[PDB]
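Text of start_15.pdb, listed as PDB, C-alpha atoms and all ligand atoms:
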MODEL        1
ATOM      1  CA  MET A   1      29.489  -7.064  19.787  1.00  0.00           C
ATOM      2  CA  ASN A   2      28.154  -7.472  16.168  1.00  0.00           C
ATOM      3  CA  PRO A   3      28.729 -10.806  14.361  1.00  0.00           C
ATOM      4  CA  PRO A   4      30.261 -10.779  10.859  1.00  0.00           C
ATOM      5  CA  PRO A   5      27.542 -10.180   8.213  1.00  0.00           C
ATOM      6  CA  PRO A   6      26.036 -13.158   6.327  1.00  0.00           C
ATOM      7  CA  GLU A   7      28.314 -14.268   3.431  1.00  0.00           C
ATOM      8  CA  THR A   8      27.454 -12.508   0.103  1.00  0.00           C
ATOM      9  CA  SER A   9      30.078 -14.270  -2.113  1.00  0.00           C
ATOM     10  CA  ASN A  10      31.808 -17.706  -2.191  1.00  0.00           C
ATOM     11  CA  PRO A  11      34.262 -18.837  -4.936  1.00  0.00           C
ATOM     12  CA  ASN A  12      33.177 -22.514  -4.299  1.00  0.00           C
ATOM     13  CA  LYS A  13      29.353 -21.883  -4.650  1.00  0.00           C
ATOM     14  CA  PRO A  14      28.207 -22.428  -8.308  1.00  0.00           C
ATOM     15  CA  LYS A  15      26.483 -19.520 -10.190  1.00  0.00           C
ATOM     16  CA  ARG A  16      24.121 -18.972 -13.202  1.00  0.00           C
ATOM     17  CA  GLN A  17      21.971 -16.079 -14.608  1.00  0.00           C
ATOM     18  CA  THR A  18      18.179 -16.872 -14.815  1.00  0.00           C
ATOM     19  CA  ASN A  19      15.134 -14.644 -15.668  1.00  0.00           C
ATOM     20  CA  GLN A  20      13.570 -15.419 -12.201  1.00  0.00           C
ATOM     21  CA  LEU A  21      16.710 -14.211 -10.295  1.00  0.00           C
ATOM     22  CA  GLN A  22      16.858 -11.169 -12.684  1.00  0.00           C
ATOM     23  CA  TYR A  23      13.136 -10.461 -11.816  1.00  0.00           C
ATOM     24  CA  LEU A  24      13.946 -10.721  -8.049  1.00  0.00           C
ATOM     25  CA  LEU A  25      16.698  -8.025  -8.421  1.00  0.00           C
ATOM     26  CA  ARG A  26      15.127  -5.731 -11.102  1.00  0.00           C
ATOM     27  CA  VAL A  27      11.443  -5.806  -9.857  1.00  0.00           C
ATOM     28  CA  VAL A  28      10.996  -7.391  -6.353  1.00  0.00           C
ATOM     29  CA  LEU A  29      14.075  -6.058  -4.433  1.00  0.00           C
ATOM     30  CA  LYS A  30      14.004  -2.705  -6.348  1.00  0.00           C
ATOM     31  CA  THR A  31      10.303  -2.123  -5.328  1.00  0.00           C
ATOM     32  CA  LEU A  32      10.990  -2.944  -1.615  1.00  0.00           C
ATOM     33  CA  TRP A  33      14.408  -1.121  -1.497  1.00  0.00           C
ATOM     34  CA  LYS A  34      12.934   2.342  -2.418  1.00  0.00           C
ATOM     35  CA  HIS A  35       9.825   1.965  -0.126  1.00  0.00           C
ATOM     36  CA  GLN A  36       9.547   4.556   2.750  1.00  0.00           C
ATOM     37  CA  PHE A  37       9.789   1.633   5.295  1.00  0.00           C
ATOM     38  CA  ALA A  38      12.907  -0.019   3.703  1.00  0.00           C
ATOM     39  CA  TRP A  39      15.685   1.856   5.575  1.00  0.00           C
ATOM     40  CA  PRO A  40      15.878  -0.260   8.827  1.00  0.00           C
ATOM     41  CA  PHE A  41      16.173  -3.398   6.584  1.00  0.00           C
ATOM     42  CA  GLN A  42      18.804  -1.999   4.105  1.00  0.00           C
ATOM     43  CA  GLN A  43      21.815  -3.299   6.156  1.00  0.00           C
ATOM     44  CA  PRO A  44      22.576  -5.854   8.917  1.00  0.00           C
ATOM     45  CA  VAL A  45      21.191  -4.885  12.380  1.00  0.00           C
ATOM     46  CA  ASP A  46      24.010  -2.895  14.114  1.00  0.00           C
ATOM     47  CA  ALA A  47      23.318  -4.010  17.749  1.00  0.00           C
ATOM     48  CA  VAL A  48      26.093  -1.609  19.023  1.00  0.00           C
ATOM     49  CA  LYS A  49      24.933   1.644  17.268  1.00  0.00           C
ATOM     50  CA  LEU A  50      21.166   0.852  17.756  1.00  0.00           C
ATOM     51  CA  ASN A  51      21.774  -0.108  21.469  1.00  0.00           C
ATOM     52  CA  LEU A  52      20.140  -3.599  21.081  1.00  0.00           C
ATOM     53  CA  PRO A  53      22.657  -5.722  23.090  1.00  0.00           C
ATOM     54  CA  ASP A  54      20.293  -8.790  23.178  1.00  0.00           C
ATOM     55  CA  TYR A  55      19.605  -8.798  19.363  1.00  0.00           C
ATOM     56  CA  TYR A  56      22.169 -11.545  18.427  1.00  0.00           C
ATOM     57  CA  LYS A  57      21.444 -13.435  21.718  1.00  0.00           C
ATOM     58  CA  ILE A  58      17.858 -13.924  20.287  1.00  0.00           C
ATOM     59  CA  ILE A  59      18.412 -13.885  16.436  1.00  0.00           C
ATOM     60  CA  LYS A  60      20.906 -16.595  15.254  1.00  0.00           C
ATOM     61  CA  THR A  61      19.947 -16.401  11.492  1.00  0.00           C
ATOM     62  CA  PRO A  62      20.202 -12.641  10.754  1.00  0.00           C
ATOM     63  CA  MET A  63      19.169 -11.414   7.279  1.00  0.00           C
ATOM     64  CA  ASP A  64      18.568  -7.995   5.663  1.00  0.00           C
ATOM     65  CA  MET A  65      17.878  -6.532   2.177  1.00  0.00           C
ATOM     66  CA  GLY A  66      21.477  -5.168   1.936  1.00  0.00           C
ATOM     67  CA  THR A  67      22.737  -8.786   2.150  1.00  0.00           C
ATOM     68  CA  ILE A  68      19.981 -10.029  -0.268  1.00  0.00           C
ATOM     69  CA  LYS A  69      20.916  -7.210  -2.749  1.00  0.00           C
ATOM     70  CA  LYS A  70      24.652  -8.190  -2.630  1.00  0.00           C
ATOM     71  CA  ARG A  71      23.752 -11.929  -3.027  1.00  0.00           C
ATOM     72  CA  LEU A  72      21.637 -11.145  -6.172  1.00  0.00           C
ATOM     73  CA  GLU A  73      24.368  -8.769  -7.573  1.00  0.00           C
ATOM     74  CA  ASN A  74      27.116 -11.419  -6.869  1.00  0.00           C
ATOM     75  CA  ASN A  75      25.115 -14.380  -8.415  1.00  0.00           C
ATOM     76  CA  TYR A  76      25.315 -16.053  -4.940  1.00  0.00           C
ATOM     77  CA  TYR A  77      21.866 -17.753  -5.409  1.00  0.00           C
ATOM     78  CA  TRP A  78      21.399 -20.736  -7.797  1.00  0.00           C
ATOM     79  CA  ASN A  79      17.545 -20.428  -7.669  1.00  0.00           C
ATOM     80  CA  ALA A  80      14.698 -18.028  -6.710  1.00  0.00           C
ATOM     81  CA  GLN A  81      13.630 -20.152  -3.657  1.00  0.00           C
ATOM     82  CA  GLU A  82      17.021 -19.451  -1.905  1.00  0.00           C
ATOM     83  CA  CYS A  83      16.308 -15.681  -2.285  1.00  0.00           C
ATOM     84  CA  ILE A  84      12.604 -15.980  -1.195  1.00  0.00           C
ATOM     85  CA  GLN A  85      13.824 -17.938   1.915  1.00  0.00           C
ATOM     86  CA  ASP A  86      16.170 -15.009   2.812  1.00  0.00           C
ATOM     87  CA  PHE A  87      13.265 -12.473   2.559  1.00  0.00           C
ATOM     88  CA  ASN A  88      11.160 -14.785   4.827  1.00  0.00           C
ATOM     89  CA  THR A  89      14.067 -15.067   7.358  1.00  0.00           C
ATOM     90  CA  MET A  90      14.311 -11.217   7.452  1.00  0.00           C
ATOM     91  CA  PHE A  91      10.522 -10.839   8.116  1.00  0.00           C
ATOM     92  CA  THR A  92      10.432 -13.734  10.681  1.00  0.00           C
ATOM     93  CA  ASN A  93      13.420 -12.264  12.654  1.00  0.00           C
ATOM     94  CA  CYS A  94      11.517  -8.932  12.922  1.00  0.00           C
ATOM     95  CA  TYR A  95       8.276 -10.645  14.156  1.00  0.00           C
ATOM     96  CA  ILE A  96      10.249 -12.766  16.754  1.00  0.00           C
ATOM     97  CA  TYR A  97      12.570 -10.035  18.213  1.00  0.00           C
ATOM     98  CA  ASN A  98      10.121  -7.053  18.466  1.00  0.00           C
ATOM     99  CA  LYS A  99       6.811  -6.586  20.409  1.00  0.00           C
ATOM    100  CA  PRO A 100       3.573  -6.937  18.341  1.00  0.00           C
ATOM    101  CA  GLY A 101       2.680  -3.183  18.707  1.00  0.00           C
ATOM    102  CA  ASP A 102       6.179  -1.943  17.609  1.00  0.00           C
ATOM    103  CA  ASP A 103       6.330   0.332  14.489  1.00  0.00           C
ATOM    104  CA  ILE A 104       9.129  -1.879  12.957  1.00  0.00           C
ATOM    105  CA  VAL A 105       6.601  -4.822  12.934  1.00  0.00           C
ATOM    106  CA  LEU A 106       3.992  -2.669  11.049  1.00  0.00           C
ATOM    107  CA  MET A 107       6.797  -1.618   8.599  1.00  0.00           C
ATOM    108  CA  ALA A 108       7.852  -5.302   8.063  1.00  0.00           C
ATOM    109  CA  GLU A 109       4.148  -6.328   7.573  1.00  0.00           C
ATOM    110  CA  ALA A 110       3.709  -3.619   4.839  1.00  0.00           C
ATOM    111  CA  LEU A 111       6.940  -4.751   3.039  1.00  0.00           C
ATOM    112  CA  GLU A 112       5.931  -8.480   3.329  1.00  0.00           C
ATOM    113  CA  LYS A 113       2.444  -7.741   1.821  1.00  0.00           C
ATOM    114  CA  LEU A 114       4.174  -5.943  -1.138  1.00  0.00           C
ATOM    115  CA  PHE A 115       6.774  -8.805  -1.394  1.00  0.00           C
ATOM    116  CA  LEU A 116       4.067 -11.559  -1.609  1.00  0.00           C
ATOM    117  CA  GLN A 117       2.181  -9.493  -4.305  1.00  0.00           C
ATOM    118  CA  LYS A 118       5.393  -9.381  -6.478  1.00  0.00           C
ATOM    119  CA  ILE A 119       6.288 -13.121  -5.887  1.00  0.00           C
ATOM    120  CA  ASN A 120       2.674 -13.970  -7.008  1.00  0.00           C
ATOM    121  CA  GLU A 121       3.670 -12.535 -10.483  1.00  0.00           C
ATOM    122  CA  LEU A 122       7.091 -14.354 -10.694  1.00  0.00           C
ATOM    123  CA  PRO A 123       7.680 -15.171 -14.418  1.00  0.00           C
ATOM    124  CA  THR A 124       8.171 -18.829 -15.607  1.00  0.00           C
ATOM    125  CA  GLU A 125      11.827 -19.999 -16.176  1.00  0.00           C
TER
HETATM  126  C1  LIG A 201      15.676  -5.031  11.968  1.00  0.00           C
HETATM  127  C2  LIG A 201      15.353  -4.156  13.144  1.00  0.00           C
HETATM  128  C3  LIG A 201      15.877  -2.930  13.304  1.00  0.00           C
HETATM  129  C4  LIG A 201      15.579  -2.072  14.417  1.00  0.00           C
HETATM  130  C5  LIG A 201      16.110  -0.798  14.606  1.00  0.00           C
HETATM  131  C6  LIG A 201      15.720  -0.099  15.727  1.00  0.00           C
HETATM  132  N1  LIG A 201      14.871  -0.574  16.649  1.00  0.00           N
HETATM  133  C7  LIG A 201      14.322  -1.798  16.504  1.00  0.00           C
HETATM  134  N2  LIG A 201      13.451  -2.200  17.453  1.00  0.00           N
HETATM  135  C8  LIG A 201      12.814  -1.347  18.453  1.00  0.00           C
HETATM  136  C9  LIG A 201      13.089  -1.938  19.834  1.00  0.00           C
HETATM  137  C10 LIG A 201      12.517  -1.050  20.918  1.00  0.00           C
HETATM  138  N3  LIG A 201      11.077  -0.853  20.704  1.00  0.00           N
HETATM  139  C11 LIG A 201      10.746  -0.251  19.414  1.00  0.00           C
HETATM  140  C12 LIG A 201      11.292  -1.112  18.261  1.00  0.00           C
HETATM  141  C13 LIG A 201      10.872  -0.483  16.935  1.00  0.00           C
HETATM  142  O1  LIG A 201       9.768  -0.734  16.454  1.00  0.00           O
HETATM  143  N4  LIG A 201      11.714   0.397  16.377  1.00  0.00           N
HETATM  144  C14 LIG A 201      11.440   1.060  15.099  1.00  0.00           C
HETATM  145  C15 LIG A 201      12.692   1.132  14.246  1.00  0.00           C
HETATM  146  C16 LIG A 201      12.400   1.780  12.896  1.00  0.00           C
HETATM  147  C17 LIG A 201      11.798   3.161  13.068  1.00  0.00           C
HETATM  148  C18 LIG A 201      10.559   3.112  13.944  1.00  0.00           C
HETATM  149  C19 LIG A 201      10.844   2.442  15.292  1.00  0.00           C
HETATM  150  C20 LIG A 201      14.697  -2.570  15.367  1.00  0.00           C
HETATM  151  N5  LIG A 201      14.163  -3.838  15.197  1.00  0.00           N
HETATM  152  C21 LIG A 201      14.435  -4.662  14.151  1.00  0.00           C
HETATM  153  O2  LIG A 201      13.911  -5.772  14.117  1.00  0.00           O
ENDMDL
END
Let's see the structure in the file written out as structure tokens.
Ligand SMILES: Cc1cc2ccnc(N[C@@H]3CCNC[C@H]3C(=O)NC3CCCCC3)c2[nH]c1=O
Amino acid sequence: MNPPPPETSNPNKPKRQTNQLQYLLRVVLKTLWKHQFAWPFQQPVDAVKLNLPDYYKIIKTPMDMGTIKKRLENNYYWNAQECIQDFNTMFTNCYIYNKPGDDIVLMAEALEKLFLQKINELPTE
């Protein structure tokens, strides 16, 4: 009932190492990954195990920090904006699927506030 996870490597997709992508792995992801609210976002939503049968009927662009971590580790991104877009997709999915008063929404809001603080101090290329 789960889709395959988002791709985290591609032999055809070009790759480079930049200080901005290094900052996103070493500072931004690392900060969010170890946060007390990170754990529901550390892997793709398992709709079977979590008993959320409608999840992938509603969310057609799934994204999670486990996938973002692998993409950064695998040099999948060419630029920082591709990675920032994936974080925004993850937060947006959470706000669309869940009810406004749900604890997962409060957890996502806390992580997004921390995320935007760290992106505000992104170093120049
Ligand atoms: C990404 C993600 C994961 C997830 C896991 C479990 N449940 C979710 N949604 C609950 C649906 C029912 N109402 C309560 C919702 C909720 O806020 N659950 C949280 C999960 C984390 C621990 C506190 C309770 C999920 N929704 C997601 O978007």
Would you give me, as JSON lines, each residue of chain A having an atom within 8 Å of an atom of ligand LIG 201 (chain A), along with its shortest atom pair and that distance in Å to one decimal, using all atoms listed in the file and sorting by chain and residue number?
{"residue": "A:40", "atom": "CA", "partner": "A:LIG201", "partner_atom": "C3", "distance": 5.2}
{"residue": "A:41", "atom": "CA", "partner": "A:LIG201", "partner_atom": "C1", "distance": 5.6}
{"residue": "A:44", "atom": "CA", "partner": "A:LIG201", "partner_atom": "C1", "distance": 7.6}
{"residue": "A:45", "atom": "CA", "partner": "A:LIG201", "partner_atom": "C1", "distance": 5.5}
{"residue": "A:50", "atom": "CA", "partner": "A:LIG201", "partner_atom": "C6", "distance": 5.9}
{"residue": "A:52", "atom": "CA", "partner": "A:LIG201", "partner_atom": "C9", "distance": 7.4}
{"residue": "A:64", "atom": "CA", "partner": "A:LIG201", "partner_atom": "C1", "distance": 7.5}
{"residue": "A:90", "atom": "CA", "partner": "A:LIG201", "partner_atom": "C1", "distance": 7.8}
{"residue": "A:93", "atom": "CA", "partner": "A:LIG201", "partner_atom": "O2", "distance": 6.7}
{"residue": "A:94", "atom": "CA", "partner": "A:LIG201", "partner_atom": "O2", "distance": 4.1}
{"residue": "A:95", "atom": "CA", "partner": "A:LIG201", "partner_atom": "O2", "distance": 7.4}
{"residue": "A:97", "atom": "CA", "partner": "A:LIG201", "partner_atom": "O2", "distance": 6.1}
{"residue": "A:98", "atom": "CA", "partner": "A:LIG201", "partner_atom": "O2", "distance": 5.9}
{"residue": "A:99", "atom": "CA", "partner": "A:LIG201", "partner_atom": "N3", "distance": 7.2}
{"residue": "A:101", "atom": "CA", "partner": "A:LIG201", "partner_atom": "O1", "distance": 7.8}
{"residue": "A:102", "atom": "CA", "partner": "A:LIG201", "partner_atom": "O1", "distance": 4.0}
{"residue": "A:103", "atom": "CA", "partner": "A:LIG201", "partner_atom": "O1", "distance": 4.1}
{"residue": "A:104", "atom": "CA", "partner": "A:LIG201", "partner_atom": "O1", "distance": 3.7}
{"residue": "A:105", "atom": "CA", "partner": "A:LIG201", "partner_atom": "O1", "distance": 6.3}
{"residue": "A:107", "atom": "CA", "partner": "A:LIG201", "partner_atom": "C16", "distance": 7.8}
I need the output of the PyMOL selection byres (((chain A and resi 77-79) around 9) and not hetatm) for this file as a list in words; which residues are they?
residues 13, 14, 15, 16, 17, 18, 20, 21, 71, 72, 74, 75, 76, 80, 81, 82 and 83 of chain A
Picked residues, the PyMOL selection byres (((chain A and resi 110-112) around 8) and not hetatm), as a PDB file with C-alpha atoms, keeping the file's coordinate frame:
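The result, stored in part34.pdb:
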ATOM      1  CA  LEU A  32      10.990  -2.944  -1.615  1.00  0.00           C
ATOM      2  CA  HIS A  35       9.825   1.965  -0.126  1.00  0.00           C
ATOM      3  CA  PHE A  37       9.789   1.633   5.295  1.00  0.00           C
ATOM      4  CA  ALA A  38      12.907  -0.019   3.703  1.00  0.00           C
ATOM      5  CA  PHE A  91      10.522 -10.839   8.116  1.00  0.00           C
ATOM      6  CA  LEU A 106       3.992  -2.669  11.049  1.00  0.00           C
ATOM      7  CA  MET A 107       6.797  -1.618   8.599  1.00  0.00           C
ATOM      8  CA  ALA A 108       7.852  -5.302   8.063  1.00  0.00           C
ATOM      9  CA  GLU A 109       4.148  -6.328   7.573  1.00  0.00           C
ATOM     10  CA  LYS A 113       2.444  -7.741   1.821  1.00  0.00           C
ATOM     11  CA  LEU A 114       4.174  -5.943  -1.138  1.00  0.00           C
ATOM     12  CA  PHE A 115       6.774  -8.805  -1.394  1.00  0.00           C
ATOM     13  CA  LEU A 116       4.067 -11.559  -1.609  1.00  0.00           C
TER      14      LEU A 116
END
Applying the PyMOL selection byres (((chain A and resi 30) around 12) and not hetatm) to the file I just gave you, which residues come out? Please list them as an MDAnalysis selection string.
chainID A and resid 22:29 31:35 38 42 65:66 68:69 72 111 114:115 118
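CA of residue 59 in chain A lies 14.9 Å from CA of residue 87 in chain A.
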Mind pulling up the distance from CA of residue 67 in chain A to CA of residue 12 in chain A?
18.4 Å
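Coordinates place CA of residue 63 in chain A at a distance of 26.0 Å from CA of residue 125 in chain A.
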